[PDB]
file model_5.cif (mmCIF, C-alpha atoms and all ligand atoms)
data_protein
loop_
_atom_site.label_atom_id
_atom_site.label_comp_id
_atom_site.auth_asym_id
_atom_site.auth_seq_id
_atom_site.Cartn_x
_atom_site.Cartn_y
_atom_site.Cartn_z
CA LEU A 28 -30.42 -61.26 -160.32
CA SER A 29 -31.37 -58.34 -158.06
CA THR A 30 -30.67 -54.73 -158.97
CA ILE A 31 -30.94 -51.37 -157.23
CA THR A 32 -33.45 -48.80 -158.45
CA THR A 33 -32.05 -45.56 -159.87
CA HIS A 34 -34.83 -43.16 -158.79
CA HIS A 35 -32.28 -41.25 -156.71
CA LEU A 36 -29.99 -40.59 -159.69
CA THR A 37 -32.28 -38.76 -162.16
CA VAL A 38 -34.90 -36.03 -161.91
CA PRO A 39 -38.38 -37.60 -161.79
CA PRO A 40 -41.05 -35.83 -163.85
CA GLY A 41 -42.77 -32.96 -162.09
CA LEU A 42 -39.63 -32.00 -160.15
CA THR A 43 -37.15 -29.27 -161.02
CA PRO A 44 -33.40 -29.95 -160.98
CA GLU A 45 -33.13 -27.55 -158.02
CA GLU A 46 -35.75 -29.53 -156.11
CA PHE A 47 -34.03 -32.80 -157.01
CA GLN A 48 -30.72 -31.52 -155.66
CA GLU A 49 -32.37 -30.90 -152.27
CA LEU A 50 -34.15 -34.26 -152.30
CA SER A 51 -31.58 -36.69 -153.69
CA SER A 52 -30.49 -37.86 -150.24
CA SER A 53 -34.11 -38.49 -149.20
CA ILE A 54 -34.77 -40.41 -152.42
CA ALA A 55 -31.75 -42.60 -151.74
CA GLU A 56 -32.85 -43.22 -148.15
CA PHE A 57 -36.60 -43.76 -148.60
CA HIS A 58 -37.23 -44.38 -152.33
CA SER A 59 -34.61 -46.95 -153.27
CA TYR A 60 -35.39 -50.65 -153.58
CA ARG A 61 -33.66 -53.90 -154.42
CA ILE A 62 -35.79 -55.37 -157.19
CA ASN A 63 -35.92 -58.81 -158.79
CA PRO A 64 -36.87 -60.02 -162.27
CA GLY A 65 -40.63 -59.81 -162.52
CA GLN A 66 -40.88 -56.64 -160.42
CA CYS A 67 -41.01 -53.01 -161.39
CA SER A 68 -40.55 -49.78 -159.50
CA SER A 69 -41.22 -46.10 -160.08
CA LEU A 70 -40.91 -42.73 -158.34
CA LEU A 71 -43.54 -40.02 -158.83
CA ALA A 72 -43.48 -36.41 -157.64
CA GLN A 73 -46.12 -33.76 -157.02
CA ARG A 74 -45.61 -30.09 -156.20
CA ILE A 75 -48.23 -28.65 -153.84
CA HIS A 76 -48.74 -24.98 -152.96
CA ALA A 77 -49.31 -25.55 -149.25
CA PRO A 78 -47.15 -25.88 -146.12
CA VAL A 79 -45.57 -29.24 -145.32
CA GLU A 80 -47.61 -29.87 -142.19
CA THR A 81 -50.87 -29.16 -143.99
CA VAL A 82 -50.00 -31.78 -146.61
CA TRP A 83 -48.70 -34.21 -143.98
CA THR A 84 -51.91 -34.00 -141.93
CA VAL A 85 -53.74 -35.59 -144.89
CA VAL A 86 -50.94 -37.95 -146.11
CA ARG A 87 -50.54 -39.55 -142.69
CA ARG A 88 -54.20 -40.60 -142.20
CA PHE A 89 -53.75 -44.31 -142.89
CA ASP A 90 -57.37 -44.93 -141.88
CA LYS A 91 -58.78 -42.50 -144.50
CA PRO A 92 -57.07 -43.06 -147.87
CA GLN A 93 -60.28 -41.98 -149.61
CA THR A 94 -59.44 -38.43 -148.47
CA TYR A 95 -56.85 -38.18 -151.25
CA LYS A 96 -57.13 -41.32 -153.40
CA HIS A 97 -59.58 -42.07 -156.19
CA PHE A 98 -61.45 -45.34 -156.74
CA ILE A 99 -61.98 -46.12 -153.03
CA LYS A 100 -65.44 -47.57 -152.38
CA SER A 101 -64.76 -48.00 -148.66
CA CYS A 102 -61.99 -48.40 -146.13
CA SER A 103 -62.36 -50.04 -142.72
CA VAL A 104 -59.97 -50.29 -139.80
CA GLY A 105 -62.34 -51.67 -137.16
CA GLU A 106 -62.68 -50.65 -133.53
CA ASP A 107 -59.61 -49.90 -131.38
CA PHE A 108 -57.57 -48.72 -134.37
CA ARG A 109 -54.44 -46.82 -133.36
CA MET A 110 -52.22 -44.93 -135.80
CA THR A 111 -49.25 -47.25 -135.28
CA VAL A 112 -46.94 -49.25 -137.52
CA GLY A 113 -48.29 -52.76 -138.07
CA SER A 114 -51.96 -51.74 -138.23
CA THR A 115 -54.02 -52.84 -141.20
CA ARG A 116 -56.86 -51.43 -143.24
CA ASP A 117 -59.32 -53.18 -145.56
CA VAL A 118 -59.77 -51.14 -148.76
CA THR A 119 -62.53 -51.94 -151.23
CA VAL A 120 -61.48 -50.63 -154.64
CA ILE A 121 -63.89 -49.41 -157.33
CA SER A 122 -62.93 -51.89 -160.03
CA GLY A 123 -65.97 -52.57 -162.22
CA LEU A 124 -65.46 -56.17 -161.16
CA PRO A 125 -67.14 -57.91 -158.20
CA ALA A 126 -66.05 -56.10 -155.06
CA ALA A 127 -63.29 -57.66 -152.97
CA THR A 128 -60.84 -56.26 -150.43
CA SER A 129 -57.22 -55.09 -150.52
CA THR A 130 -55.73 -55.70 -147.06
CA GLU A 131 -52.92 -53.21 -146.47
CA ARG A 132 -50.42 -52.85 -143.63
CA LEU A 133 -48.92 -49.61 -142.33
CA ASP A 134 -45.14 -50.10 -142.67
CA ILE A 135 -43.71 -46.70 -141.68
CA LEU A 136 -45.02 -43.64 -139.86
CA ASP A 137 -42.52 -40.92 -138.92
CA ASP A 138 -44.25 -37.65 -138.01
CA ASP A 139 -40.91 -35.87 -137.50
CA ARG A 140 -39.43 -36.73 -140.89
CA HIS A 141 -42.80 -36.94 -142.73
CA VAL A 142 -42.43 -40.49 -144.03
CA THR A 143 -45.14 -43.10 -144.35
CA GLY A 144 -45.57 -46.29 -146.32
CA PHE A 145 -47.68 -49.38 -146.72
CA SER A 146 -47.78 -52.84 -148.25
CA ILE A 147 -50.64 -54.68 -149.94
CA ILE A 148 -50.64 -58.02 -148.16
CA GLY A 149 -53.64 -59.56 -149.93
CA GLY A 150 -56.47 -58.77 -152.25
CA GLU A 151 -56.62 -60.26 -155.78
CA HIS A 152 -56.07 -57.26 -158.06
CA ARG A 153 -53.53 -55.79 -160.47
CA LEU A 154 -50.96 -54.71 -157.83
CA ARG A 155 -49.61 -57.94 -156.29
CA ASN A 156 -47.01 -57.55 -153.52
CA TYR A 157 -47.25 -53.78 -153.86
CA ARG A 158 -45.22 -51.73 -151.38
CA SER A 159 -44.97 -47.95 -151.42
CA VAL A 160 -43.37 -45.10 -149.50
CA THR A 161 -44.49 -41.46 -149.40
CA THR A 162 -42.34 -38.58 -148.18
CA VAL A 163 -43.27 -34.91 -147.80
CA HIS A 164 -40.74 -32.10 -148.15
CA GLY A 165 -40.74 -28.33 -147.62
CA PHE A 166 -39.31 -25.67 -149.91
CA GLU A 167 -38.86 -21.93 -149.53
CA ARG A 168 -37.80 -19.10 -151.81
CA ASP A 169 -37.97 -15.41 -150.88
CA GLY A 170 -40.61 -16.10 -148.25
CA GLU A 171 -42.76 -18.23 -150.54
CA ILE A 172 -43.41 -21.78 -149.35
CA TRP A 173 -44.34 -24.98 -151.17
CA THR A 174 -44.23 -28.73 -150.70
CA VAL A 175 -43.08 -31.66 -152.79
CA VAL A 176 -44.57 -35.11 -152.22
CA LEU A 177 -42.52 -38.09 -153.43
CA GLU A 178 -44.21 -41.48 -153.76
CA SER A 179 -42.44 -44.62 -154.93
CA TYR A 180 -43.48 -48.25 -155.18
CA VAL A 181 -42.34 -51.74 -156.06
CA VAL A 182 -44.89 -54.20 -157.48
CA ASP A 183 -44.99 -57.57 -159.21
CA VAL A 184 -45.53 -57.67 -162.97
CA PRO A 185 -48.28 -60.28 -163.56
CA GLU A 186 -47.66 -63.20 -165.88
CA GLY A 187 -48.53 -62.15 -169.42
CA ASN A 188 -47.87 -58.45 -168.69
CA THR A 189 -44.93 -56.42 -169.87
CA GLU A 190 -43.17 -54.20 -167.35
CA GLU A 191 -44.60 -51.22 -169.24
CA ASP A 192 -48.11 -52.70 -168.88
CA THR A 193 -47.86 -52.64 -165.09
CA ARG A 194 -45.68 -49.55 -164.64
CA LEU A 195 -47.88 -47.31 -166.79
CA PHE A 196 -50.98 -48.42 -164.86
CA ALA A 197 -49.46 -48.04 -161.40
CA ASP A 198 -47.87 -44.71 -162.34
CA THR A 199 -51.19 -43.39 -163.66
CA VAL A 200 -53.04 -44.33 -160.45
CA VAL A 201 -50.35 -42.83 -158.21
CA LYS A 202 -50.15 -39.65 -160.32
CA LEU A 203 -53.93 -39.14 -160.24
CA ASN A 204 -54.08 -39.68 -156.48
CA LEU A 205 -51.24 -37.19 -155.94
CA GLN A 206 -53.19 -34.65 -158.00
CA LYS A 207 -56.15 -35.20 -155.69
CA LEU A 208 -53.85 -34.77 -152.70
CA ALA A 209 -52.63 -31.48 -154.17
CA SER A 210 -56.18 -30.21 -154.70
CA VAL A 211 -57.40 -31.25 -151.24
CA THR A 212 -54.45 -29.79 -149.35
CA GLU A 213 -54.32 -26.58 -151.40
CA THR A 214 -57.97 -26.03 -150.47
CA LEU A 215 -57.19 -26.66 -146.80
CA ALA A 216 -54.30 -24.19 -147.00
CA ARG A 217 -56.29 -21.43 -148.70
CA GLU A 218 -59.05 -21.70 -146.09
CA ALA A 219 -56.75 -21.88 -143.01
CA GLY A 220 -58.57 -23.09 -139.86
CA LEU B 28 -88.98 -55.81 -169.63
CA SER B 29 -87.61 -52.49 -170.90
CA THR B 30 -87.84 -49.27 -168.91
CA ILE B 31 -87.09 -45.60 -169.54
CA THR B 32 -84.30 -43.89 -167.63
CA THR B 33 -85.28 -41.09 -165.25
CA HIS B 34 -82.19 -38.87 -165.60
CA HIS B 35 -84.42 -36.09 -166.94
CA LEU B 36 -86.67 -36.09 -163.85
CA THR B 37 -84.21 -35.43 -160.99
CA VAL B 38 -81.25 -33.12 -160.44
CA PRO B 39 -78.01 -35.02 -161.11
CA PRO B 40 -75.17 -34.33 -158.66
CA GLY B 41 -73.05 -31.32 -159.48
CA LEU B 42 -75.99 -29.41 -160.96
CA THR B 43 -78.11 -26.78 -159.24
CA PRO B 44 -81.91 -26.91 -159.41
CA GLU B 45 -81.80 -23.70 -161.48
CA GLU B 46 -79.43 -25.32 -163.97
CA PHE B 47 -81.59 -28.45 -164.08
CA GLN B 48 -84.67 -26.39 -164.91
CA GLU B 49 -82.89 -24.98 -167.97
CA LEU B 50 -81.56 -28.39 -169.02
CA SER B 51 -84.46 -30.77 -168.39
CA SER B 52 -85.62 -30.67 -172.01
CA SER B 53 -82.09 -31.41 -173.26
CA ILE B 54 -81.76 -34.31 -170.81
CA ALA B 55 -85.03 -35.76 -172.06
CA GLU B 56 -83.95 -35.38 -175.70
CA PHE B 57 -80.31 -36.53 -175.51
CA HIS B 58 -79.84 -38.34 -172.17
CA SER B 59 -82.79 -40.71 -172.01
CA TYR B 60 -82.51 -44.39 -172.88
CA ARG B 61 -84.68 -47.48 -173.04
CA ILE B 62 -82.82 -50.01 -170.91
CA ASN B 63 -83.17 -53.76 -170.44
CA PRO B 64 -82.47 -56.09 -167.53
CA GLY B 65 -78.72 -56.47 -167.31
CA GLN B 66 -78.01 -52.87 -168.33
CA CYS B 67 -77.42 -49.76 -166.29
CA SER B 68 -77.41 -46.08 -167.08
CA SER B 69 -76.27 -42.87 -165.41
CA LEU B 70 -76.10 -39.12 -166.02
CA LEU B 71 -73.15 -37.06 -164.78
CA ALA B 72 -72.71 -33.29 -164.80
CA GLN B 73 -69.73 -30.96 -164.62
CA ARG B 74 -69.74 -27.18 -164.26
CA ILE B 75 -66.89 -25.43 -166.12
CA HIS B 76 -65.89 -21.77 -165.83
CA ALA B 77 -65.33 -21.24 -169.54
CA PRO B 78 -67.44 -20.30 -172.58
CA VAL B 79 -69.43 -23.02 -174.34
CA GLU B 80 -67.43 -22.92 -177.56
CA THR B 81 -64.14 -23.23 -175.69
CA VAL B 82 -65.41 -26.39 -174.00
CA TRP B 83 -66.96 -27.70 -177.21
CA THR B 84 -63.71 -27.29 -179.17
CA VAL B 85 -62.17 -29.94 -176.88
CA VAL B 86 -65.27 -32.17 -176.39
CA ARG B 87 -65.81 -32.57 -180.12
CA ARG B 88 -62.31 -33.89 -180.99
CA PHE B 89 -63.26 -37.54 -181.47
CA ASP B 90 -59.73 -38.29 -182.70
CA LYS B 91 -58.07 -36.99 -179.48
CA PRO B 92 -59.91 -38.34 -176.42
CA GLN B 93 -56.62 -38.28 -174.49
CA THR B 94 -56.96 -34.47 -174.47
CA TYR B 95 -59.55 -34.75 -171.70
CA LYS B 96 -59.74 -38.41 -170.62
CA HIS B 97 -57.47 -40.29 -168.25
CA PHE B 98 -56.05 -43.80 -168.78
CA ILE B 99 -55.55 -43.46 -172.56
CA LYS B 100 -52.30 -45.07 -173.69
CA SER B 101 -52.95 -44.25 -177.35
CA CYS B 102 -55.70 -43.48 -179.82
CA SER B 103 -55.48 -44.02 -183.58
CA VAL B 104 -57.82 -43.03 -186.39
CA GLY B 105 -55.60 -43.83 -189.37
CA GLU B 106 -55.05 -41.80 -192.52
CA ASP B 107 -57.95 -40.03 -194.27
CA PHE B 108 -59.88 -39.57 -191.01
CA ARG B 109 -62.71 -37.06 -191.33
CA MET B 110 -64.71 -35.74 -188.37
CA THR B 111 -67.95 -37.37 -189.52
CA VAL B 112 -70.54 -39.64 -187.95
CA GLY B 113 -69.68 -43.29 -188.54
CA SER B 114 -65.92 -42.87 -188.16
CA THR B 115 -64.08 -45.09 -185.71
CA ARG B 116 -61.13 -44.77 -183.40
CA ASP B 117 -58.96 -47.46 -181.78
CA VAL B 118 -58.32 -46.57 -178.12
CA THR B 119 -55.74 -48.45 -176.07
CA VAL B 120 -56.68 -48.13 -172.40
CA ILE B 121 -54.19 -48.14 -169.53
CA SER B 122 -55.52 -51.18 -167.70
CA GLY B 123 -52.64 -52.89 -165.89
CA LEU B 124 -53.60 -55.89 -168.00
CA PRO B 125 -52.10 -56.84 -171.39
CA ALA B 126 -52.88 -54.02 -173.79
CA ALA B 127 -55.77 -54.49 -176.20
CA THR B 128 -57.97 -52.05 -178.13
CA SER B 129 -61.40 -50.51 -177.61
CA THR B 130 -62.88 -49.82 -181.06
CA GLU B 131 -65.33 -46.92 -180.80
CA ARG B 132 -67.71 -45.38 -183.33
CA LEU B 133 -68.73 -41.73 -183.54
CA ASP B 134 -72.55 -41.80 -183.29
CA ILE B 135 -73.50 -38.09 -183.15
CA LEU B 136 -71.76 -34.82 -183.96
CA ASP B 137 -73.86 -31.65 -183.97
CA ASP B 138 -71.70 -28.51 -183.86
CA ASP B 139 -74.76 -26.24 -183.73
CA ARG B 140 -76.41 -27.89 -180.74
CA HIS B 141 -73.14 -29.11 -179.13
CA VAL B 142 -74.00 -32.81 -178.97
CA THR B 143 -71.66 -35.72 -179.53
CA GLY B 144 -71.70 -39.39 -178.65
CA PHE B 145 -70.03 -42.70 -179.27
CA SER B 146 -70.41 -46.44 -178.87
CA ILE B 147 -67.85 -49.07 -177.90
CA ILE B 148 -68.26 -51.67 -180.62
CA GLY B 149 -65.52 -54.06 -179.48
CA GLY B 150 -62.66 -54.41 -177.09
CA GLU B 151 -62.79 -56.92 -174.18
CA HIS B 152 -62.98 -54.73 -171.09
CA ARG B 153 -65.36 -53.75 -168.29
CA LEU B 154 -67.71 -51.58 -170.41
CA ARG B 155 -69.44 -53.96 -172.84
CA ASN B 156 -71.91 -52.40 -175.30
CA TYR B 157 -71.18 -48.98 -173.82
CA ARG B 158 -72.87 -46.03 -175.50
CA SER B 159 -72.63 -42.44 -174.30
CA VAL B 160 -73.80 -38.96 -175.21
CA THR B 161 -72.20 -35.65 -174.21
CA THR B 162 -73.93 -32.27 -174.43
CA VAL B 163 -72.51 -28.82 -173.68
CA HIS B 164 -74.66 -25.94 -172.43
CA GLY B 165 -74.15 -22.23 -171.77
CA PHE B 166 -75.26 -20.25 -168.75
CA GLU B 167 -75.21 -16.54 -167.95
CA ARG B 168 -75.94 -14.44 -164.89
CA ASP B 169 -75.26 -10.70 -164.63
CA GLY B 170 -72.68 -10.88 -167.40
CA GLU B 171 -70.88 -13.88 -165.92
CA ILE B 172 -70.67 -16.94 -168.17
CA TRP B 173 -70.21 -20.64 -167.44
CA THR B 174 -70.80 -24.01 -169.04
CA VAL B 175 -72.38 -27.27 -167.93
CA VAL B 176 -71.34 -30.54 -169.57
CA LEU B 177 -73.79 -33.45 -169.29
CA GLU B 178 -72.58 -36.96 -170.06
CA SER B 179 -74.77 -40.05 -169.88
CA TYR B 180 -74.22 -43.69 -170.78
CA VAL B 181 -75.82 -47.10 -171.00
CA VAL B 182 -73.65 -50.19 -170.46
CA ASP B 183 -74.03 -53.91 -169.85
CA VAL B 184 -73.58 -55.24 -166.33
CA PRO B 185 -71.22 -58.24 -166.62
CA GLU B 186 -72.27 -61.62 -165.30
CA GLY B 187 -71.34 -61.83 -161.63
CA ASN B 188 -71.50 -58.04 -161.18
CA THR B 189 -74.17 -56.10 -159.36
CA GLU B 190 -75.56 -53.00 -161.04
CA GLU B 191 -73.79 -50.97 -158.35
CA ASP B 192 -70.50 -52.72 -159.22
CA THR B 193 -70.66 -51.46 -162.80
CA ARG B 194 -72.40 -48.12 -162.23
CA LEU B 195 -69.97 -46.96 -159.54
CA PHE B 196 -67.01 -47.82 -161.78
CA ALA B 197 -68.39 -46.20 -164.93
CA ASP B 198 -69.55 -43.14 -162.97
CA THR B 199 -66.11 -42.74 -161.39
CA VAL B 200 -64.34 -42.88 -164.76
CA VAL B 201 -66.76 -40.42 -166.37
CA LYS B 202 -66.58 -38.05 -163.38
CA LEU B 203 -62.77 -38.04 -163.38
CA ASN B 204 -62.61 -37.41 -167.13
CA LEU B 205 -65.09 -34.53 -166.82
CA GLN B 206 -62.86 -33.03 -164.11
CA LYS B 207 -59.95 -33.22 -166.54
CA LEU B 208 -62.12 -31.59 -169.20
CA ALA B 209 -62.92 -28.79 -166.76
CA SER B 210 -59.24 -28.22 -165.94
CA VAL B 211 -58.10 -28.30 -169.58
CA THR B 212 -60.79 -25.94 -170.86
CA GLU B 213 -60.53 -23.53 -167.92
CA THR B 214 -56.83 -23.21 -168.71
CA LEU B 215 -57.60 -22.57 -172.39
CA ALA B 216 -60.15 -19.93 -171.37
CA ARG B 217 -57.85 -18.11 -168.94
CA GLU B 218 -55.10 -17.92 -171.57
CA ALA B 219 -57.34 -16.84 -174.51
CA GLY B 220 -55.62 -17.25 -177.91
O1 LIG C 301 -57.20 -51.38 -159.93
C1 LIG C 301 -56.63 -52.31 -159.33
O2 LIG C 301 -56.35 -53.44 -159.78
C2 LIG C 301 -56.25 -52.04 -157.90
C3 LIG C 301 -56.18 -50.79 -157.43
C4 LIG C 301 -55.87 -50.43 -156.05
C5 LIG C 301 -55.46 -51.40 -155.12
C6 LIG C 301 -55.20 -51.03 -153.81
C7 LIG C 301 -55.37 -49.72 -153.42
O3 LIG C 301 -55.14 -49.26 -152.18
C8 LIG C 301 -55.79 -48.74 -154.32
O4 LIG C 301 -55.93 -47.46 -153.91
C9 LIG C 301 -56.04 -49.10 -155.63
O1 LIG C 302 -61.13 -49.91 -167.52
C1 LIG C 302 -61.81 -50.53 -168.36
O2 LIG C 302 -62.24 -51.69 -168.28
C2 LIG C 302 -62.11 -49.78 -169.63
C3 LIG C 302 -62.01 -48.45 -169.69
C4 LIG C 302 -62.24 -47.65 -170.89
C5 LIG C 302 -62.76 -48.21 -172.06
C6 LIG C 302 -62.94 -47.43 -173.18
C7 LIG C 302 -62.59 -46.09 -173.16
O3 LIG C 302 -62.73 -45.25 -174.19
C8 LIG C 302 -62.07 -45.51 -172.01
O4 LIG C 302 -61.75 -44.19 -172.01
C9 LIG C 302 -61.89 -46.29 -170.88
#

call {"tool": "encode", "arguments": {"input": "model_5.cif", "output": "structure tokens", "more": "lines below"}}
Ligand SMILES: O=C(O)/C=C/c1ccc(O)c(O)c1
Ligand SMILES: O=C(O)/C=C/c1ccc(O)c(O)c1
result
Amino acid sequence: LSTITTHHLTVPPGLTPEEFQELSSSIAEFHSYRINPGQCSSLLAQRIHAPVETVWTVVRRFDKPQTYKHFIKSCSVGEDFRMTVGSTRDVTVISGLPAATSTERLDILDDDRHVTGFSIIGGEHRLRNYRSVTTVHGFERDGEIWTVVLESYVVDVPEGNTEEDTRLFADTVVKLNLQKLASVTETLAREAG
Amino acid sequence: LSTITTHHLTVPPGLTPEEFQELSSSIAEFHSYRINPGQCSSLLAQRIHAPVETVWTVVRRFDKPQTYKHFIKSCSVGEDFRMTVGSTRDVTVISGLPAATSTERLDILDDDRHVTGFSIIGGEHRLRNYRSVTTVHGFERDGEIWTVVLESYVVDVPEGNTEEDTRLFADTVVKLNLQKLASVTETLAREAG
């Protein structure tokens, strides 16, 4: 039947053991899921040479995912949008197929603890019933400062797909978007303002 | 009926007018196509802070596209592969769909002029009858050296797609792969060896 993910028990790629030891409690709290047959789940990590709040200022902008994600043709939130849990956005993904819309709901937004997350609630693409959580974490050593971003998801494996089929695709997309996040926020950090 | 592409008559994004003026003859020679209704074509450019031959050493490796492209699960050329025009490779693309194979043929390989190109000759994906050409070009100013990579393609627009549907997708993939090429070759340059 259902099982618990083990992301919080091993070092994900792109994290050092030292970083993992500081983050294991956060991974248990925010990046653990109860999964069912036909679902898969992964945890990805990205080190960023910028302060936490600089990274968080970009991560938290639910209305502007194109600021750090690839393959976004457009994203609309409509008038009267407030940055509050329950809000939705309509994302049009660059897919090489006829353009549709992924409708996504903001599930979590904690500016104190630097946690956000969302669910895909409709849209006809390769990530059915996708739900993800992103957390942002600060590190220091001898006055030097960096950030780690953790992003996990659960998603349905489509009929005819292997788990590897779906997991490798979703991991690749998340990893590439985190690399964009790292580039964008490192530029913001180096330029101050 | 058929028309000629105009890539050689305007500055593509990511190129300066000065760079374009030095490259317009190469764009006419290597990045111009006769296209038909139902096809689209684009030219993309990427500046790289590395010497031409450093970039070319990576660009030319037809057997190892994963060295600079994203979304490659595997690539096989089989025993007795020689780097010669007419050779093929089997590329398995990370697609979130059940894994298949894009069979691709090496169309051009000129180590003197730094031109290569390939065609997708089978594979059941979003880039039917895709053909592309990549050229690598050196620039100098006051002893400083850089490279521009130009990559163009022609591809079929699937039934039900708009030209923008296909062109935005193919452009995004090419642009992201060129960014990876820039990162990989800039690292090779900075480390020498
Ligand atoms: O390629 C697909 O099949 C879907 C990709 C996708 C779907 C929803 C998003 O928010 C997003 O950034 C990417
Ligand atoms: O996403 C698709 O539909 C196909 C992508 C694709 C197809 C062939 C390649 O060589 C490649 O790098 C990517």

call {"tool": "residues_near_ligand", "arguments": {"input": "model_5.cif", "ligand": "ligand LIG 301 (chain C)", "cutoff": "8 Å", "atoms": "all atoms listed in the file", "output": "list in words"}}
result
residues 92, 96, 97, 98, 99, 118, 119, 120, 121, 122, 129, 131, 147, 150, 151, 152, 153, 154 and 200 of chain A; 122 and 123 of chain B

call {"tool": "axis_aligned_box", "arguments": {"input": "model_5.cif", "around": "ligand LIG 302 (chain C)", "padding_each_side": "5 Å", "output": "lines of an AutoDock Vina configuration file"}}
result
center_x = -62.0
center_y = -47.9
center_z = -170.9
size_x = 11.8
size_y = 17.5
size_z = 16.7

call {"tool": "residues_around", "arguments": {"input": "model_5.cif", "residues": "residue 75 of chain A", "least_positions_apart": "2", "cutoff": "7 Å", "atoms": "only C-alpha atoms", "output": "PyMOL selection string"}}
result
chain A and resi 73+77+173-175+209+213

call {"tool": "write_last_selection", "arguments": {"input": "model_5.cif", "atoms": "C-alpha atoms", "output": "mmCIF file, keeping the file's coordinate frame"}}
result
data_model
loop_
_atom_site.group_PDB
_atom_site.id
_atom_site.type_symbol
_atom_site.label_atom_id
_atom_site.label_comp_id
_atom_site.auth_asym_id
_atom_site.auth_seq_id
_atom_site.Cartn_x
_atom_site.Cartn_y
_atom_site.Cartn_z
ATOM 1 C CA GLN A 73 -46.120 -33.760 -157.020
ATOM 2 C CA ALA A 77 -49.310 -25.550 -149.250
ATOM 3 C CA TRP A 173 -44.340 -24.980 -151.170
ATOM 4 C CA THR A 174 -44.230 -28.730 -150.700
ATOM 5 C CA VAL A 175 -43.080 -31.660 -152.790
ATOM 6 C CA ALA A 209 -52.630 -31.480 -154.170
ATOM 7 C CA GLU A 213 -54.320 -26.580 -151.400
#

call {"tool": "interface_residues", "arguments": {"input": "model_5.cif", "of": "chain A", "to": "chain B", "cutoff": "6 Å", "atoms": "only C-alpha atoms", "output": "NGL selection string"}}
result
:A and (121 or 123 or 125 or 188 or 192-193 or 196)

call {"tool": "atom_distance", "arguments": {"input": "model_5.cif", "atom1": "atom CA of residue 110 of chain B", "atom2": "atom CA of residue 220 of chain B"}}
result
23.1 Å

call {"tool": "residues_near_point", "arguments": {"input": "model_5.cif", "point": "(-70.7, -43.6, -186.9)", "cutoff": "8 Å", "atoms": "only C-alpha atoms", "output": "list in words"}}
result
residues 111, 112, 113, 114, 115, 132, 133, 134, 135 and 145 of chain B

call {"tool": "decode", "arguments": {"input": "model_5.cif", "residues": "segment 46-58 of chain B", "atoms": "N, CA and C atoms", "output": "CSV table (one decimal), in the first residue's frame"}}
result
chain,number,residue,atom,x,y,z
B,46,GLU,N,29.2,41.9,-34.5
B,46,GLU,CA,29.3,40.5,-34.8
B,46,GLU,C,28.6,40.1,-36.0
B,47,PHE,N,27.3,40.5,-36.1
B,47,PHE,CA,26.5,40.2,-37.3
B,47,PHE,C,27.3,40.5,-38.6
B,48,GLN,N,27.9,41.7,-38.6
B,48,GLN,CA,28.5,42.2,-39.8
B,48,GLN,C,29.6,41.3,-40.3
B,49,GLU,N,30.3,40.7,-39.3
B,49,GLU,CA,31.4,39.7,-39.6
B,49,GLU,C,30.9,38.3,-39.9
B,50,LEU,N,29.6,38.0,-39.6
B,50,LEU,CA,29.1,36.7,-39.8
B,50,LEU,C,28.0,36.6,-40.9
B,51,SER,N,27.6,37.7,-41.5
B,51,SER,CA,26.5,37.6,-42.4
B,51,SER,C,26.8,36.7,-43.6
B,52,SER,N,28.0,36.6,-44.0
B,52,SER,CA,28.3,35.7,-45.2
B,52,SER,C,28.2,34.3,-44.7
B,53,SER,N,28.7,34.0,-43.5
B,53,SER,CA,28.6,32.6,-43.0
B,53,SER,C,27.1,32.2,-42.8
B,54,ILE,N,26.3,33.1,-42.3
B,54,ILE,CA,24.9,32.8,-42.1
B,54,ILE,C,24.2,32.6,-43.5
B,55,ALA,N,24.6,33.3,-44.5
B,55,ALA,CA,24.0,33.1,-45.8
B,55,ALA,C,24.4,31.7,-46.3
B,56,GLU,N,25.7,31.3,-46.1
B,56,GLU,CA,26.2,30.1,-46.7
B,56,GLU,C,25.7,28.9,-45.9
B,57,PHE,N,25.7,28.9,-44.6
B,57,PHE,CA,25.4,27.7,-43.8
B,57,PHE,C,24.1,27.7,-43.1
B,58,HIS,N,23.4,28.9,-42.9
B,58,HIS,CA,22.2,29.0,-42.1
B,58,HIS,C,21.1,29.6,-42.9
